[PDB]
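In the block that follows, a single chain appears as structure tokens, in the form deposited in one PDB entry.
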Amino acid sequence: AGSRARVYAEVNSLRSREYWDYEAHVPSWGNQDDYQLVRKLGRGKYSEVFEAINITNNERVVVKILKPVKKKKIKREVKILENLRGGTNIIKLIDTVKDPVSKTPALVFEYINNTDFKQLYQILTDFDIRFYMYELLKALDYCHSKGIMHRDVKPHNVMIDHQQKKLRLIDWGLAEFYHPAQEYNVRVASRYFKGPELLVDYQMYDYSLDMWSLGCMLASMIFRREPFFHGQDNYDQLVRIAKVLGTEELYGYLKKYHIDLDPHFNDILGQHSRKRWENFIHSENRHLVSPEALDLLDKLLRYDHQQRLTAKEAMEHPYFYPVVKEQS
């Protein structure tokens, strides 16, 4: 009874228990021998990712081989991906497979030809940013409507094929089901994309965490400061936020939710006014900034997770009118 989501709060309760009870999920594990690994694409604490070919039909795919130890987390990611099947701009899980001898599991995803935006021919326009942000919001509205928080929204988890104009939200390994009043682990998201709720150890968070991360991406793309809030560690991350949003405003948020603040913060927060968003504009980013971009940003990068726009409200904002008009 501390906080709950403004949208989609009871949606899992209204579904069959099997929908959200991922520990009870029994995946159907197909045969990894149908896939030929071509090249390594990346590696994380829990997985490694390869480009591959399905030798039975010549399809190019991505294979994520899972370090098999933590079976509950595997079931969680599999069930979430199955629940999100067909969702707009969510990476498509094609199959769940195992090495038939070792039984190590892997996930097979659709291929996306991921653009490196550091190495571009013409770099992003105002319309490009509006377009891709709208496409990303479609994925977040979809997963939130499906009762799921992504909890790791960041540029590297948003694949964009800038030639075909295709966007996919990937890496659902940290995603969870939202249940009202549930207390969640705050050790989620990338440092630069962690919401203030995580940084102050507030466990009763919801889908609005992803909307903070989204806002951080919007700020970095319109202002060209990437990442926008560049903490040196989790403590400094909150200081970077407070230098923009203000310290008195932080304390008002903490008071509202009765949040205890780790006293190490007292020695590092200092005192900071809330800054005007227009302060971030200069000649190198002016062409990407508009009154409507700043109004949207202001409504996403708020301490109070409850008062941030939902993904749908964000999609409805005038910033996206040119996108909706072109899409019609």
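All residue numbers refer to positions in the sequence shown, first residue = 1. Definition used throughout: the rigid core is the maximal C-alpha set that superposes within 1.5 Å between two forms.
Quick note: we don't show the form deposited in another entry, though the next part is all about it.
**Q** For the set 226, 248, 99, 82, which residue undergoes a C-alpha shift of 2 Å or more between the shown form and the other one, given alignment on the rigid core?
**A** The listed residue whose C-alpha shifts by at least 2 Å is 99.
**Q** Given a core-based superposition, decide whether the C-alpha of residue 269 shifts by 2 Å or more between the shown form and the other one.
**A** No, the C-alpha moves less than 2 Å.
**Q** Taking the rigid core as the superposition reference, indicate whether the CA of residue 41 shifts 2 angstroms or more between the shown form and the other one.
**A** Yes, the C-alpha moves 2 Å or more.
**Q** Taking the rigid core as the reference frame, is the Cα of residue 60 displaced by 2 Å or more between the shown form and the other one?
**A** Comparing forms between the shown form and the other one, the residue 60 CA shifts below 2 Å.
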